[PDB]
$ cat start.txt   # compact mmCIF, C-alpha atoms
# COMPACT_ATOMS: atom_id res chain seq x y z
CA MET S 1 104.66 105.12 209.24
CA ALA S 2 104.57 105.91 213.00
CA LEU S 3 101.20 107.74 212.29
CA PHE S 4 99.69 104.24 211.57
CA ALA S 5 101.01 103.07 215.04
CA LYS S 6 98.54 105.27 217.03
CA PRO S 7 94.72 105.60 216.89
CA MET S 8 93.53 107.68 213.82
CA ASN S 9 90.26 109.35 212.71
CA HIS S 10 88.98 108.83 209.15
CA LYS S 11 86.17 110.36 207.13
CA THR S 12 84.70 109.93 203.67
CA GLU S 13 82.47 111.60 201.13
CA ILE S 14 80.79 109.24 198.67
CA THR S 15 79.02 110.51 195.60
CA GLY S 16 76.97 107.89 193.83
CA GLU S 17 74.25 106.96 191.42
CA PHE S 18 72.51 103.59 191.07
CA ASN S 19 70.06 103.25 188.15
CA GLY S 20 70.22 107.03 187.85
CA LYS S 21 69.28 107.69 191.58
CA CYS S 22 71.86 110.14 192.99
CA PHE S 23 73.03 110.33 196.61
CA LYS S 24 75.78 111.70 198.80
CA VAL S 25 77.04 109.82 201.91
CA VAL S 26 79.30 111.33 204.58
CA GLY S 27 80.94 109.38 207.41
CA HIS S 28 83.39 109.79 210.38
CA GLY S 29 85.05 106.91 212.21
CA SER S 30 88.18 105.84 213.95
CA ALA S 31 90.81 103.22 213.55
CA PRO S 32 91.89 102.48 217.13
CA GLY S 33 94.28 99.74 215.80
CA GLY S 34 94.53 95.89 215.41
CA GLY S 35 92.51 95.78 212.14
CA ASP S 36 89.22 96.86 213.79
CA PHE S 37 87.78 100.14 212.44
CA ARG S 38 84.32 101.71 212.48
CA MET S 39 82.48 104.40 210.47
CA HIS S 40 79.16 106.12 211.15
CA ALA S 41 77.83 107.18 207.70
CA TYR S 42 74.62 108.98 206.79
CA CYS S 43 73.00 109.87 203.50
CA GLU S 44 73.32 113.68 203.40
CA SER S 45 70.95 113.73 200.35
CA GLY S 46 67.96 112.14 202.26
CA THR S 47 67.00 108.43 201.82
CA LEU S 48 69.73 106.11 200.44
CA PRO S 49 68.23 104.55 197.24
CA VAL S 50 70.18 101.25 197.71
CA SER S 51 71.06 98.52 200.24
CA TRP S 52 73.69 99.70 202.74
CA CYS S 53 75.22 96.20 202.29
CA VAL S 54 75.93 96.88 198.50
CA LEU S 55 77.27 100.37 199.38
CA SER S 56 79.44 99.01 202.19
CA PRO S 57 82.64 98.32 200.13
CA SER S 58 82.55 102.01 199.02
CA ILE S 59 82.28 103.10 202.76
CA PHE S 60 90.46 102.19 204.07
CA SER S 61 92.62 99.06 203.61
CA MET S 62 95.46 101.05 205.28
CA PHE S 63 93.70 99.99 208.60
CA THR S 64 94.13 96.26 207.79
CA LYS S 65 96.18 94.48 210.49
CA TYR S 66 99.41 93.05 208.98
CA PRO S 67 101.70 90.50 210.66
CA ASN S 68 105.47 91.32 210.50
CA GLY S 69 106.91 89.43 207.53
CA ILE S 70 104.39 90.78 204.96
CA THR S 71 104.61 94.39 203.62
CA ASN S 72 101.47 96.51 204.15
CA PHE S 73 101.30 98.18 200.69
CA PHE S 74 98.32 100.25 201.92
CA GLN S 75 100.38 101.99 204.71
CA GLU S 76 103.76 102.00 202.88
CA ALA S 77 102.23 104.07 200.02
CA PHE S 78 101.80 107.01 202.45
CA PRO S 79 102.38 109.80 202.77
CA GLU S 80 101.57 110.19 199.02
CA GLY S 81 98.85 107.46 199.26
CA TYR S 82 97.20 105.07 196.75
CA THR S 83 94.14 104.96 194.54
CA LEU S 84 91.54 102.19 194.44
CA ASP S 85 89.84 101.34 191.11
CA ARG S 86 87.14 98.72 191.62
CA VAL S 87 84.65 96.72 189.62
CA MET S 88 82.01 94.77 191.57
CA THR S 89 79.69 92.48 189.67
CA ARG S 90 76.67 90.79 191.09
CA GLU S 91 76.50 87.30 189.58
CA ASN S 92 72.68 87.50 189.15
CA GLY S 93 73.01 90.95 187.33
CA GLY S 94 74.30 94.44 188.28
CA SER S 95 77.65 96.21 188.07
CA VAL S 96 79.19 98.78 190.40
CA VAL S 97 82.30 100.72 189.52
CA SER S 98 84.09 102.95 191.93
CA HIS S 99 87.19 105.00 192.50
CA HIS S 100 88.61 106.03 195.89
CA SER S 101 91.40 108.49 196.71
CA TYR S 102 92.86 109.25 200.14
CA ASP S 103 94.51 112.23 201.92
CA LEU S 104 96.61 111.59 205.08
CA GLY S 105 96.58 114.86 207.16
CA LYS S 106 96.93 116.07 210.79
CA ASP S 107 93.28 114.89 211.57
CA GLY S 108 93.79 111.36 209.97
CA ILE S 109 92.60 109.99 206.54
CA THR S 110 90.02 111.70 204.29
CA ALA S 111 88.60 109.61 201.40
CA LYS S 112 86.81 110.83 198.28
CA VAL S 113 84.78 108.05 196.62
CA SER S 114 82.71 108.05 193.48
CA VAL S 115 80.54 105.03 192.73
CA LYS S 116 78.03 104.13 190.06
CA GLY S 117 75.82 101.13 189.61
CA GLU S 118 73.66 99.96 186.78
CA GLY S 119 71.90 96.79 185.60
CA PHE S 120 70.02 96.27 188.96
CA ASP S 121 66.33 95.12 188.80
CA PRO S 122 64.14 97.92 190.33
CA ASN S 123 62.44 95.22 192.56
CA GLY S 124 65.66 93.38 193.44
CA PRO S 125 67.44 93.38 196.82
CA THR S 126 69.93 96.11 195.83
CA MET S 127 67.36 98.81 194.90
CA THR S 128 64.76 97.72 197.61
CA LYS S 129 67.21 97.27 200.51
CA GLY S 130 66.56 93.44 200.65
CA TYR S 131 69.97 92.41 202.13
CA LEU S 132 70.54 91.57 205.85
CA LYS S 133 74.34 91.17 205.81
CA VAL S 134 77.59 90.40 204.07
CA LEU S 135 79.13 87.01 204.92
CA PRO S 136 82.77 86.90 206.05
CA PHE S 137 85.23 86.72 203.09
CA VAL S 138 88.89 86.11 202.24
CA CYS S 139 90.47 88.34 199.57
CA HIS S 140 93.39 87.15 197.42
CA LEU S 141 96.02 89.90 197.17
CA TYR S 142 98.30 89.64 194.09
CA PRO S 143 101.35 91.74 193.13
CA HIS S 144 100.15 93.99 190.24
CA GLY S 145 103.09 96.04 188.76
CA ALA S 146 103.80 98.92 191.20
CA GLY S 147 100.65 98.12 193.23
CA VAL S 148 98.31 95.27 194.23
CA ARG S 149 95.15 93.57 192.95
CA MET S 150 92.65 92.05 195.44
CA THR S 151 89.86 89.68 194.33
CA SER S 152 86.98 88.32 196.47
CA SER S 153 83.63 86.60 195.90
CA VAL S 154 81.33 87.83 198.75
CA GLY S 155 77.91 86.41 199.71
CA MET S 156 75.19 88.90 200.60
CA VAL S 157 72.26 87.30 202.51
CA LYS S 158 68.76 88.35 201.48
CA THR S 159 65.77 88.85 203.88
CA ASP S 160 64.54 85.28 203.05
CA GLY S 161 68.00 83.76 203.93
CA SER S 162 68.96 82.99 200.23
CA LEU S 163 72.21 84.70 199.05
CA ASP S 164 73.63 86.56 196.02
CA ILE S 165 77.37 86.37 195.18
CA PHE S 166 79.18 89.62 194.26
CA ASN S 167 82.67 89.43 192.57
CA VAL S 168 85.01 92.26 193.67
CA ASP S 169 88.09 93.16 191.54
CA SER S 170 90.14 95.97 193.13
CA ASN S 171 93.30 97.65 191.70
CA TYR S 172 95.42 99.58 194.26
CA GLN S 173 98.18 101.82 192.71
CA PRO S 174 100.64 104.15 194.42
CA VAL S 175 100.14 107.97 193.91
CA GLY S 176 103.86 108.79 194.72
CA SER S 177 106.70 108.13 192.18
CA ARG S 178 108.65 107.05 195.35
CA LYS S 179 108.91 103.24 194.66
CA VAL S 180 106.66 101.44 197.23
CA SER S 181 107.45 97.86 198.38
CA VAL S 182 105.01 95.40 196.68
CA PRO S 183 104.19 92.39 198.90
CA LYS S 184 104.12 88.73 197.90
CA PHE S 185 100.76 86.97 197.36
CA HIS S 186 98.74 86.64 200.58
CA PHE S 187 95.15 86.61 201.94
CA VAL S 188 93.20 89.28 203.79
CA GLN S 189 90.28 88.05 205.88
CA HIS S 190 87.34 90.44 206.41
CA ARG S 191 84.24 90.66 208.52
CA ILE S 192 81.73 93.48 208.08
CA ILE S 193 79.12 94.34 210.74
CA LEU S 194 76.37 96.85 209.93
CA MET S 195 74.14 98.49 212.67
CA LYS S 196 71.40 101.17 212.96
CA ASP S 197 72.16 103.67 215.81
CA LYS S 198 68.76 104.15 217.58
CA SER S 199 69.71 107.83 218.26
CA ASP S 200 70.25 108.60 214.50
CA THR S 201 66.88 109.20 212.77
CA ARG S 202 68.75 109.94 209.42
CA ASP S 203 69.15 107.12 206.84
CA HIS S 204 72.50 105.93 208.16
CA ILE S 205 74.68 102.94 208.93
CA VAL S 206 77.31 102.18 211.47
CA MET S 207 79.84 99.92 209.86
CA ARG S 208 82.42 97.96 211.73
CA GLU S 209 85.09 96.08 209.90
CA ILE S 210 87.81 93.60 210.87
CA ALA S 211 90.52 93.05 208.24
CA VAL S 212 93.61 90.92 208.92
CA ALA S 213 96.28 89.86 206.43
CA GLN S 214 97.49 86.21 206.56
CA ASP S 215 100.59 84.47 205.17
CA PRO S 216 99.18 81.44 203.27
CA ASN S 217 101.89 78.78 203.93
CA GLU S 218 102.19 79.80 207.60
CA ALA S 219 98.37 79.25 207.99
CA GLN S 220 99.26 76.40 210.35
CA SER S 221 102.04 73.76 210.06
CA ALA S 222 99.75 71.59 207.78
CA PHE S 223 100.70 74.21 205.01
CA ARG S 224 104.53 74.31 205.93
CA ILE S 225 106.66 72.10 203.54
CA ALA S 226 110.30 71.93 202.31

$ encode --input "start.txt" --output "structure tokens"
Amino acid sequence: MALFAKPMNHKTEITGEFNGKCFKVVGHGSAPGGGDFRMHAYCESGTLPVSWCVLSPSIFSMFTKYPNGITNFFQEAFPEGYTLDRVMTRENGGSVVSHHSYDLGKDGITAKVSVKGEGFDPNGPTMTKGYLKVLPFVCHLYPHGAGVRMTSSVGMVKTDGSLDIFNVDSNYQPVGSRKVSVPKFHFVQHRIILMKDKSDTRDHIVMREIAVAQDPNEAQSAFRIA
């Protein structure tokens, strides 16, 4: 898509419940290009009842930078788009399930996201906002019938510098019946930066993400072999 060749706006609505505490999050951002994309999100319902770090995967893999030589399933599925079905499990206890759908229009990409979490200790880092950041991570992207499956194990650093591992299992499926090219196995490297805008007195986050896809056995010429 030529649309994916120029800067694009994106927005989201996220409806959620963790341990029964409801919230709504709205955000606007842009995707200037090269796998670097930002979102300013606020909790329209008041105070967010959870860590912005744990919410952050629910806050647009079509903005991932792809090298030529690997198909970008996320862009190729447009204009019809794709769905994301995700299960995220905190190894020390807690599950988050979510669904995302996307609309490509004149004003960019609109996402609708539902998310629910249960099994979190009321005094743990998820429900008490006790996370500082998400470590960098590499996803494995596997062919999965007409779509793709990404797995990652991400480390979320607590206030005290100890970390909790979350396992992310994401199924991306085309909406169109127009047959979309399914890539070969590859990696996608991510970084997530979260910031508080000093002008925004609402409970909010500014999220910046870098996502770049990588051919495994072109990593360097240590991996190249015939």

$ closest_atom_pairs --input "start.txt" --of "range 132-165 of chain S" --to "range 176-196 of chain S" --cutoff "8 Å" --atoms "only C-alpha atoms" --output "CSV"
residue,atom,partner,partner_atom,distance
S:133,CA,S:194,CA,7.3
S:134,CA,S:192,CA,6.5
S:135,CA,S:191,CA,7.2
S:136,CA,S:191,CA,4.7
S:137,CA,S:190,CA,5.4
S:138,CA,S:189,CA,4.4
S:139,CA,S:188,CA,5.1
S:140,CA,S:187,CA,4.9
S:141,CA,S:186,CA,5.4
S:142,CA,S:185,CA,4.9
S:143,CA,S:182,CA,6.3
S:146,CA,S:182,CA,6.6
S:147,CA,S:182,CA,6.2
S:148,CA,S:182,CA,7.1

$ closest_residue --input "start.txt" --among "S:205, S:79, S:145, S:161" --to "residue 55 in chain S" --atoms "only C-alpha atoms"
S:205

$ atom_distance --input "start.txt" --atom1 "CA of residue 118 in chain S" --atom2 "CA of residue 39 in chain S"
25.7 Å

$ atom_distance --input "start.txt" --atom1 "CA of residue 50 in chain S" --atom2 "CA of residue 151 in chain S"
23.1 Å

$ atom_distance --input "start.txt" --atom1 "CA of residue 125 in chain S" --atom2 "CA of residue 12 in chain S"
24.9 Å
